[PDB]
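This report refers to the structure that appears directly beneath it.
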2 protein chains.
Amino acid sequence: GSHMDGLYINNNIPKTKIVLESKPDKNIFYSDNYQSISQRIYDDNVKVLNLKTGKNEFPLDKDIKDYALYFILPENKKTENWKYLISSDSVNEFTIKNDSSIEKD
Amino acid sequence: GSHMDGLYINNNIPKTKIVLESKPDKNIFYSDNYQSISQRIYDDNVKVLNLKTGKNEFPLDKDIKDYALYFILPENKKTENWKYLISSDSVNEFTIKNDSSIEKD
Ligand SMILES: [Br-]
Ligand SMILES: [Br-]
Ligand SMILES: [Br-]
Ligand SMILES: [Br-]
Ligand SMILES: [Br-]
Ligand SMILES: [Br-]
Ligand SMILES: [Br-]
Ligand SMILES: [Br-]
Ligand SMILES: [Br-]
Ligand SMILES: [Br-]
């Protein structure tokens, strides 16, 4: 693809959300679950975003190198590969398939 | 003012957020606190939004009559008049003053 640095997500599953956290603490990231993240939602470096089905793009800040991206599938359901550390200096492309599995491309 | 139906918020306090919930249960609204709301953030009818300082507008859905609007001041601080039931069929105008008090106009 010809996308430039950024966050791009193709989504098949209605009602999915993402949580995006700038400057994550990596130790918290590795332990995090849906509940622990929810307790940070008021923090200035955290956003909760709806995904549309289809194509989505979300803005990253080039002055922030590192982000944590958490995929929140609906109905409190889990998939294996649901959390990622990503860079504003890379092209980050994801797909959520019909079976709720998540691929980073 | 000449605004049309909608949600309009003037904000003096950096890092304030709002939670907007379509079709609220009014009994939950009256008991809610910052923590109880955080536990609903993945629900399809809930959004957490950053406020900028200055003027803000957020979209309501005319097909949804009722919303709950919660103001989340930073540093886990409380102000008295922080939660509102609002209609998509009204002009809803709010100001967050420098002293963190909130006025509906
Ligand atoms: Br959203
Ligand atoms: Br769509
Ligand atoms: Br798609
Ligand atoms: Br799993
Ligand atoms: Br997966
Ligand atoms: Br936001
Ligand atoms: Br501003
Ligand atoms: Br203002
Ligand atoms: Br109070
Ligand atoms: Br107040």
Side-chain angles (χ1 to χ4, degrees), chain A residues 4-9 17-24 37-52 56-70 72 86 88, chain B residues 1-22 24 29 32-34 37-38 40-62 64 67-88 90-102 104:
Chain A
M4 254 82 88
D5 293 340
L7 178 60
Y8 309 93
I9 300 167
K17 297 197 185 196
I18 58 167
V19 177
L20 192 56
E21 178 178 0
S22 49
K23 304 200 185 187
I37 295 163
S38 67
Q39 299 170 320
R40 301 200 311 270
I41 60 161
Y42 305 132
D43 298 352
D44 184 53
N45 62 325
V46 176
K47 294 190 183 43
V48 185
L49 300 156
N50 286 0
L51 294 187
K52 306 183 285 161
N56 303 258
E57 179 172 5
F58 300 97
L60 312 178
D61 182 333
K62 302 288 291 183
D63 278 347
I64 299 177
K65 296 305 178 159
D66 298 320
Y67 287 80
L69 170 62
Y70 303 94
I72 314 301
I86 66 172
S88 63
Chain B
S2 321
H3 289 312
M4 254 82 88
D5 293 340
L7 178 60
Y8 309 93
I9 300 167
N10 301 303
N11 178 38
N12 289 275
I13 305 292
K15 298 179 196 250
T16 307
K17 297 197 185 196
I18 58 167
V19 177
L20 192 56
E21 178 178 0
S22 49
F29 166 90
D32 263 332
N33 52 54
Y34 293 172
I37 295 163
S38 67
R40 301 200 311 270
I41 60 161
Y42 305 132
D43 298 352
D44 184 53
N45 62 325
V46 176
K47 294 190 183 43
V48 185
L49 300 156
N50 286 0
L51 294 187
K52 306 183 285 161
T53 56
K55 289 182 12 189
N56 303 258
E57 179 172 5
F58 300 97
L60 312 178
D61 182 333
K62 302 288 291 183
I64 299 177
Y67 287 80
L69 170 62
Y70 303 94
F71 285 96
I72 314 301
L73 280 172
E75 306 176 73
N76 203 37
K77 291 166 150 52
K78 205 201 137 160
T79 189
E80 187 167 359
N81 295 309
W82 65 285
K83 62 179 155 170
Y84 299 84
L85 292 166
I86 66 172
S87 184
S88 63
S90 291
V91 179
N92 303 288
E93 295 167 324
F94 297 85
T95 308
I96 311 174
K97 293 181 191 169
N98 274 156
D99 71 354
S100 292
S101 71
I102 301 179
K104 179 175 167 98

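Order of the sequence lines fixes the chain letters, A, B, ..., with proteins taken first and strands second; residue numbering starts at 1 for each chain.
Under the rule for a side chain to side chain donor-acceptor pair (under 3.5 Å), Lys83(B) has no partner lying at least two apart in sequence or in another chain. Every residue was checked against the salt bridge (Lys or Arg N to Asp or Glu O under 4.0 Å) condition with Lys23(A), not counting sequence neighbours, and none meets it. Taking the side chain to side chain contact (heavy atoms under 4.5 Å, CB included) definition, one finds that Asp63(A) meets it with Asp61(A), sequence neighbours left out. Shown here are the salt bridge (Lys or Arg N to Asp or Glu O under 4.0 Å) partners of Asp43(A), two or more places apart in sequence or in another chain: there are none. The side chain to side chain contact (heavy atoms under 4.5 Å, CB included) search around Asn98(B) returns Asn12(B), not counting sequence neighbours. Under the rule for a salt bridge (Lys or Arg N to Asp or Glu O under 4.0 Å), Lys52(B) has no partner lying at least two apart in sequence or in another chain.
At most 12 heavy atoms of other shown residues, nucleotides or ligands fall within 6.0 angstrom of atom CD in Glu80(B).
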Practice task
Evaluate the side-chain contact (heavy atoms from CB on, under 4.5 Å) criterion for residues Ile96(B) and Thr79(B): first the C-alpha distance (whole Å), next the side-chain angles of each, then the deciding distance (0.1 Å), finally the verdict.
Solution key: CA-CA 10 Å; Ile96(B) 311 174; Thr79(B) 189; over 6 Å; no

Problem - CA sep, side-chain torsions, deciding dist, call: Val48(A), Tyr70(A), side-chain contact (heavy atoms from CB on, under 4.5 Å) - result: CA-CA 9 Å; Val48(A) 185; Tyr70(A) 303 94; over 6 Å; no

Handout entry: Full working for side-chain contact (heavy atoms from CB on, under 4.5 Å) between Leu7(A) and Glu57(A)
Key = CA-CA 6 Å; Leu7(A) 178 60; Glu57(A) 179 172 5; 6.0 Å; no

Handout entry: Chi angles and distances behind the side-chain contact (heavy atoms from CB on, under 4.5 Å) call for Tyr42(A), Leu73(B)
Key = CA-CA 9 Å; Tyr42(A) 305 132; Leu73(B) 280 172; over 6 Å; no

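By the 30° and 60° cut-offs, the orientation of the rings of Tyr34(B) relative to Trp82(B) is perpendicular.
With values rounded to the nearest 0.5 angstrom, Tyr67(B) atom OH is found 7.0 Å from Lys47(B) atom NZ. In this structure, CG on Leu20(A) lies 6.0 Å from CG on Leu60(A), to the nearest 0.5 angstrom. Here CD1 of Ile9(B) is found 13.5 Å from NZ of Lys55(B). Values are rounded to the nearest 0.5 Å. With rounding to the nearest 0.5 angstrom, the CG atom of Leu49(A) is 9.0 Å from the CG atom of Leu49(B). We find the CD1-CD1 distance between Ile41(A) and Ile72(B) to be 7.0 Å, quoted to the nearest 0.5 Å. Between the CD atom in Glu21(A) and the CG atom in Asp66(A) there is a gap of 11.5 Å [rounded to 0.5 Å].
Contact of the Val46(B) side chain with the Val19(B) side chain is registered, since non-hydrogen atoms from C-beta on lie closer than 4.5 Å. Residues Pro74(B) and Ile13(B) have side chains in contact (heavy-atom distance under 4.5 Å, counting atoms from C-beta outward). Put simply, the side chain of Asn81(B) does not reach to within 4.5 Å of the side chain of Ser101(B), judged on heavy atoms. Under the 4.5 Å side-chain criterion, counting only non-hydrogen atoms from C-beta, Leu69(B) is not in contact with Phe58(B). Between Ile64(B) and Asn45(B), the closest side-chain pair of non-hydrogen atoms is not below 4.5 Å.
Checked against a 6.0 Å centroid threshold, the rings of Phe94(B) and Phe71(B) count as neighbours.
Between the side chains of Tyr8(A) and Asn56(A), no donor N or O sits under 3.5 Å from an acceptor N or O. In the model, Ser90(B) has no side-chain atom that pairs as donor or acceptor with a side-chain atom of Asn92(B) under 3.5 Å.
A salt bridge does not link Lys17(A) with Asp44(B): none of the charged nitrogens is closer than 4.0 Å to a carboxylate oxygen. The existence of a salt bridge linking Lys104(B) and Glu93(B) is excluded, since no basic side-chain nitrogen approaches an acidic carboxylate oxygen closer than 4.0 Å.
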